[PDB]
Amino acid sequence: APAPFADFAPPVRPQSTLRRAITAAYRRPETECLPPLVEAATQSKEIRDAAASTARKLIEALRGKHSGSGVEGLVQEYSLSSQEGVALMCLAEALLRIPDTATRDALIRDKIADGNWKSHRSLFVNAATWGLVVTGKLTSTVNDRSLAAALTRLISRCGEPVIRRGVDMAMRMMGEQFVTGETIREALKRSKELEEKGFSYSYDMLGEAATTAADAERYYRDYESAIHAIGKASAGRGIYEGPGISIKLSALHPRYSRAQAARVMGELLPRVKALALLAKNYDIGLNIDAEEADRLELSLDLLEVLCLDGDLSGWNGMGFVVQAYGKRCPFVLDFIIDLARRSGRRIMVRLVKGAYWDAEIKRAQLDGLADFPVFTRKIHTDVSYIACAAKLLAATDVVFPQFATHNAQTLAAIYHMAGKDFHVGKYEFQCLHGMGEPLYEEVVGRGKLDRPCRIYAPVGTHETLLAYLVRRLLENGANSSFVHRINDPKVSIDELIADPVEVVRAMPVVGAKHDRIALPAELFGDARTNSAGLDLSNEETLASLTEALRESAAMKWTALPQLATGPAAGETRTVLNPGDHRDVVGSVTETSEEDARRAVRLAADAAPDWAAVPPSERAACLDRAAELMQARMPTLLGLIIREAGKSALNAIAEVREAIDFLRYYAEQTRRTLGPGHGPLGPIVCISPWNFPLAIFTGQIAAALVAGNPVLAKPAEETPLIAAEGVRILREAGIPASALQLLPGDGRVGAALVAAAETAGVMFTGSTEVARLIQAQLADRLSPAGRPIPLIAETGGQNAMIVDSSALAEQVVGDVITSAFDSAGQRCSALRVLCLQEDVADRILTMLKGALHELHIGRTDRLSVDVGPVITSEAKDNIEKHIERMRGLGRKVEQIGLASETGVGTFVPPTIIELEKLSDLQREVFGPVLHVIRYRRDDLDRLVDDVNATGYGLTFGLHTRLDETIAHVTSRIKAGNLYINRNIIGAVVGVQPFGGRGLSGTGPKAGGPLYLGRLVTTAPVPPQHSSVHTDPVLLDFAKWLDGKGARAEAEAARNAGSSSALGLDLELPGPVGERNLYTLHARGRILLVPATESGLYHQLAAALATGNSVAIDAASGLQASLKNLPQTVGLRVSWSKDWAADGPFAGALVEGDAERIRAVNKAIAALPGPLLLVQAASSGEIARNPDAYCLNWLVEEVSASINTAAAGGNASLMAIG
Ligand SMILES: Cc1cc2nc3c(=O)[nH]c(=O)nc-3n(C[C@H](O)[C@H](O)[C@H](O)COP(=O)(O)OP(=O)(O)OC[C@H]3O[C@@H](n4cnc5c(N)ncnc54)[C@H](O)[C@@H]3O)c2cc1C
Ligand SMILES: NC(=O)c1ccc[n+]([C@@H]2O[C@H](COP(=O)([O-])OP(=O)(O)OC[C@H]3O[C@@H](n4cnc5c(N)ncnc54)[C@H](O)[C@@H]3O)[C@@H](O)[C@H]2O)c1
Ligand SMILES: O=C(O)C1SCCS1
Ligand SMILES: [Mg+2]
């Protein structure tokens, strides 16, 4: 048996002094990066004056030949609105997908111009891109109804001539402007004109981010065939005067990442070597493009091996991009220059600013990392660029600098920095096709500056173009971009030639972070501190984590019954690693049923003393526990990895979630709890195995901070991390009498629930076990004669709907994560993928290819993607489902498992293609994705089928179309919605988490209504109000007044005002996402009245919160509701057989204690979902206007929208 963590994440090679200096700068504070860059970029007064004069001359030329674009001229000629221009270009795009030119012209003449364009996949799938072209602004989703109206209007107004102009315009841009050519031969033919003027070329076969092995093979043969064509055309011109190629490493392997470094060096490197050998034989340049920040240092390992490989000697064409917007850039250049000296290869170094800025900001915020790997002020990147250019110009004997820029100020500064001596091969400039030719026609040639420029030339069909094209249009439209400002009349030439080096030097704090971009720690501002993660791409982090993880594995972890009086004796057994039962993780002593009953009595005796600790001090304990967990995160990771079968990434997220619960409930307490919000009493917290620290901590922390002593009963599978969490909470100041730990199985849970002094239960787990607890509690009443509160958060049958406008690569990534992360052992995991029929085959092929790149095994290796299932019984239950489906004829795709999995309990990720959604009965808690197909016109029926399971936890939708978003999100019934992203997000206070139906009672964990359920009188949560009044409530109040029920009419009006139905908030979070929180009606509420006035109060509460009702017909109160307004009657039904008329979404009960007990038992016997029941006596209804609390009669819905899904971030376009 291998030692734990002995092979966790060894580096590709020992890290040299130069490599370690790169890693040290990864997230260096911006105020530390800039001073040395300012010093390096400083030039003399004479040079700065000459550079400004050169830059002014270049800018005056650019503005003096500036002409209006063809799109702007078309919009002007036909007086088009912006939406009309966008819709016209979408139509033109679709028309050009008809190959036969004469067939297209006939369709235009006889069908399109004749009105009905709809008759002949949305036309507007790519409207976000055309929106950038027409308006310069990026919209994340498409208003397809606005575009359809605009297209009808413009065709009916202008007819065939405008369509003809649109087609011809789109044909030029897509064939000549967006790309240099559709094929490499076409691009080579079009390059002759500018090569005669002194330009050179580097061709990019458009392609990146391979999803499957087949994709990577395709990109490889594209590169290989382009090298042949370029080399044949080069015909011996060499690497400086002749053309070259650019490649992206992510195109050549589907798992290009630090986590898969061994596969990268074993599988990707030989492919790059084979391409480089061919480039060497033709003597052309081969450049490795730079991608995301977490790929930089990995790419250096490939560069090093290739430059030391003797088979490539004699050739100086290997090239490499370095991004000046990155904090590591000068240290990367130090490494490359030294490698060039060691190898004797004159490495071609392309200095760029960088293409992924928006995405790097979002990623660092999501991951809770210390800082960004890029600058946050645009002028900092400019200073970085000039400083790095000085370093390169001092090293032209050993490297070939290539200065890629469209900024005339940058260009002029480098041109003068380089001085008077020049020869071809010393250095060059570079620009992008369709962006830089105007500027460099003022540079190339003996009549200008006599400096060469290489054009980066994209090659590809309309299809393969999207990702690259959006990045260019974002660059072109960003407020901070030179190419945008040059065309801004409000921007003077003096502003354009301002020297960024001197502007930065003169700022009061050199290198200060952008004022409007929050560090990841500060996402929530003054409310609370964000939890911090760990960068698993940082070699220093991986080295220290390896040591900490190994040390965690040497510890003698235990879990004991920790009563208020001290540890208790009991039956003891080992806890085994689910991925390898030979790995003993620790020992657990389980609680006897007698000691569990004893613990509740000790909790009851201690309850007054803990309630007396003021809320601010209880919240301070939670904050101290969060600090302790943050500091102990590496050790906690090691325990979670080995006890619960989690990967390192998933364990980090788990510990972050626990920290966030602690800080969120602390802050909510400080905002709400006062002397009149008395605790319930001892609360039993029963938790699941699959989030063994986060959900465990969240329930206990909420109960404790609300003033309740807690009996903590963790899942029998994962007691060790629970015991450590209790240890941390007690260290933080929670008294032993206020938090007792009771390990064991469901018997211990049931004994606690049944104990007489148990005042409340918090349950997270399976729906079937929640139903047993509901039945136990139906026997019971509080000393005040009211039901024992139960929060029961249960399973899901979670769907994702994908239409023909979604991007397959995005979909497949979010499906692989949502369905198979943690081996599908997330309550939020994707269970049913619904694919529109027209794209289903392509997406399924891509999904299956991505499935086969996953690594399944014991999770103490960074390279492992999917770990084990928790037990042999879980495995048996999952496989029985797979075999039942397999026996019914359903197609089943499974990864093959390595033999080393035999010592643990593993289930391979599985795809099952279903015929109907009713083929599924219950939640299958494992790595099993079901796939169904649907026709577009059946979308509404499909949402019905998803709702018809009775679950309502997480739900995903992938679409670009606003009409479809509005339709689906208005009809789906689930607690957590996700648009154009994965569905496993539960960020505390950002996506408050929890569902409806068979998925939960609410209120949501990590949301503002949670603490109020754990006290006898609920406070008013922050931001909890609504100015909207339910109109049926208003009609009912008028009816009450007409009947003479004046006091009840006033109570009804008061309920209408007090209701928070219609609350609609946006919660603070990371950039590039919109996180929304709304209060809706729950549904149909069962009313069990005893008196006429009680019925009127119950009806008012239910209607004020937007619900319909079913009224118990055995009440005999039918005569009390005569002559209702039709609007109210529509919401009212009478029920003789409650079980026939469900499912209900809650219940209101009136009666004395024994009537409430009898009704509670009858309600618990109803089939289906657990009901949140509220009960009151007739006297309580008369005395207390809040006898029925309106908090529990609305339904919380969280929605998370990825607003960067279209390829960039519109808001950050105006941030520089
Ligand atoms: C031929 C060529 C090849 C290229 N290859 C690559 C490549 O392989 N990998 C890659 O990542 N990029 C690459 N780029 C760069 C990228 O695609 C953009 O073209 C370039 O960053 C624009 O810089 P500029 O000097 O033209 O314009 P400018 O307007 O001077 O600079 C714009 C740049 O500033 C940066 N920026 C904007 N806002 C901020 C901010 N708030 N804080 C900090 N920085 C900010 C961004 O990098 C942005 O692109 C290449 C560029 C060219 C011309
Ligand atoms: N809605 C959410 O937020 C959420 C979150 C995570 C997991 N879950 C659900 O939890 C399930 C997986 O977790 P699990 O396997 O640990 O659930 P489980 O129902 O098997 O057990 C959960 C806890 O209940 C206890 N238990 C079992 N029988 C009991 C009984 N008769 N009386 C009292 N307690 C009893 C168990 O010991 C355990 O501590 C999944 O269905 C998952 O969907 C829901
Ligand atoms: O494709 C991109 O976004 C960059 S890589 C080389 C050109 S700019
Ligand atoms: Mg169980």
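Reading the values: rules and limits
Residues numbered from 1 in each chain as written, not as in the entry; some residues may be left out. Chains lettered and ligands numbered in written order. Heavy atoms only, no water. Residues with missing side-chain atoms left out of burial classes, pairs and counts. UniProt positions renumbered as here; feature names shortened; annotations may be inferred. Salt bridge = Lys/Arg side-chain N within 4 Å of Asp/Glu carboxyl O. Buried < 20%, exposed > 50% of the residue type's maximum accessible area, 1.4 Å probe, protein only. Helix = DSSP H or I, 4+ residues; strand = E, 2+ residues; numbered from the N terminus. Pairing = 2+ DSSP bridges. Axes fitted to C-alpha atoms, helices over the stretch in contact; angles between N-to-C directions. Contact = heavy atoms within 4.5 Å. Near = heavy atom within 4 Å. Polar contact = N/O pair within 3.5 Å; in protein donor to acceptor, adjacent residues only side chain to side chain. Areas by Shrake-Rupley, 256 points an atom, 1.4 Å probe, with all protein chains shown as cover. Right-handed = clockwise from strand over helix to strand, strands pointing away.

Within the PDB entry, the label attached to the chain reads Bifunctional protein PutA, and the organism entered is Sinorhizobium meliloti. Quoted verbatim from the Cofactor (unreviewed entry) heading of the UniProt record, the comment on the chain is "FAD". Per UniProt, the chain carries the Function (unreviewed entry) text "Oxidizes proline to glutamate for use as a carbon and nitrogen source."

Peer 1: So what's going on with the pattern of salt bridges? Residues and values would help.
Peer 2: Considering all chains together, one arrives at 77 salt bridges under this definition. Its salt-bridge partner being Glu-442, residue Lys-65 comes within 2.8 Å of it at the nearest N-O pair. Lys-65 sits in the partly exposed class, given a relative accessible area of 35%. Judged by relative accessible area, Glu-442 falls into the buried class, the value being 15%. Across the salt bridge formed by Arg-454 and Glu-428, the nearest N and O atoms sit 2.8 Å from each other. One end of the pair, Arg-454, is in strand β8 (residues 453-459); the other, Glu-428, is in strand β7 (residues 428-432), and 26 residues separate them in sequence.

Peer 1: How would you summarise the sheet that holds strand β4 (residues 318-323) if you had to cite specific residues and measurements?
Peer 2: Read around the barrel, eight strands follow the order β1-β2-β3-β4-β5-β6-β7-β8 and close on themselves; strand pairing throughout is parallel. In this sheet, neighbouring strand axes are inclined to one another by 30° on average, regardless of whether the strands run parallel or antiparallel. Pairing geometry for β4 and strand β5 (residues 347-352), over five bridges, is parallel. Directly across from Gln-323, in β5, lies its bridge partner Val-352. Lying over the sheet, helix α11 (residues 213-234) contacts β1 (199-205), β2 (244-247) and β3 (286-288), oriented at roughly 165° with respect to β2. Each of β5 and β6 (399-404) touches helix α17 (residues 378-393); the most contacted strand, β6, lies at about 155° to it.

Peer 1: I'd love a proper account of the sheet that holds strand β23 (residues 928-934), names of residues and values included.
Peer 2: Pairing is mixed across the open sheet formed by 10 strands, whose spatial order is β21-β22-β23-β20-β19-β24-β25-β33-β27-β26. Single-partner strands in this sheet number two, and they are β21 (891-894) and β26 (1064-1066). Pairwise comparison of adjacent strand axes, ignoring direction, gives a mean angle of 20° for this sheet. Judged from the nine bridges that link them, strand β27 (residues 1073-1081) and strand β33 (residues 1194-1202) form a sheet pairing that is antiparallel. Counted as the bridge partner of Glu-1073 is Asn-1202 from β33.

Peer 1: Give a detailed account of the UniProt feature "binding site: NAD(+) 2" (unreviewed entry) in the chain, specifying residues and quantitative values.
Peer 2: Within this numbering scheme, the UniProt entry marks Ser-687, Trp-689, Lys-713, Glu-716, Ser-766, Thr-794 and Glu-923 as carrying the feature "binding site: NAD(+) 2" (unreviewed entry). Judged by maximum C-alpha separation, these annotated positions cover 237 residues in sequence and are scattered in space, the widest gap reaching 23.5 Å. Setting aside its immediate chain neighbours within four residues, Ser-687 contacts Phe-696, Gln-699, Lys-713, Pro-714, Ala-715 and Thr-764. By secondary structure assignment, the location of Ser-766 is in the loop between β17 (760-764) and α32 (767-778).

Peer 1: Tell me what's going on with the site of ligand 1, and back it up with residues and numbers.
Peer 2: Inspection of the region around ligand 1 gives 33 residues, with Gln-323, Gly-354, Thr-405, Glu-475 and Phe-482 positioned closest. Note that an oxygen atom of ligand 1 is positioned 2.5 Å from one of the side-chain N or O atoms of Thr-405. In the model, an oxygen atom of ligand 1 is placed 2.7 Å from a nitrogen or oxygen of the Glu-475 side chain. Its free accessible area being 960 Å², ligand 1 has 94% of it covered by the protein chains. Every element with two or more residues in the shell around ligand 1 is listed here: β4, β5, α17, β7 and α20 (466-477).

Peer 1: An account of the pairing of β5 is needed here, citing residue identities and associated values.
Peer 2: Burial analysis of β5 places six of its six residues in the buried class, the great majority of the element. Side chains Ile-347, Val-349 and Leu-351 project from β5 onto one buried face, and the interleaved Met-348, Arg-350 and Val-352 project onto a second face that is buried too. Traced from β4 through helix α15 (residues 329-343) to β5, the parallel crossover comes out right-handed. Pairing analysis gives five bridges linking β5 to β6, with the strands arranged parallel. Paired with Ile-347 across the bridge in β6 is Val-399.

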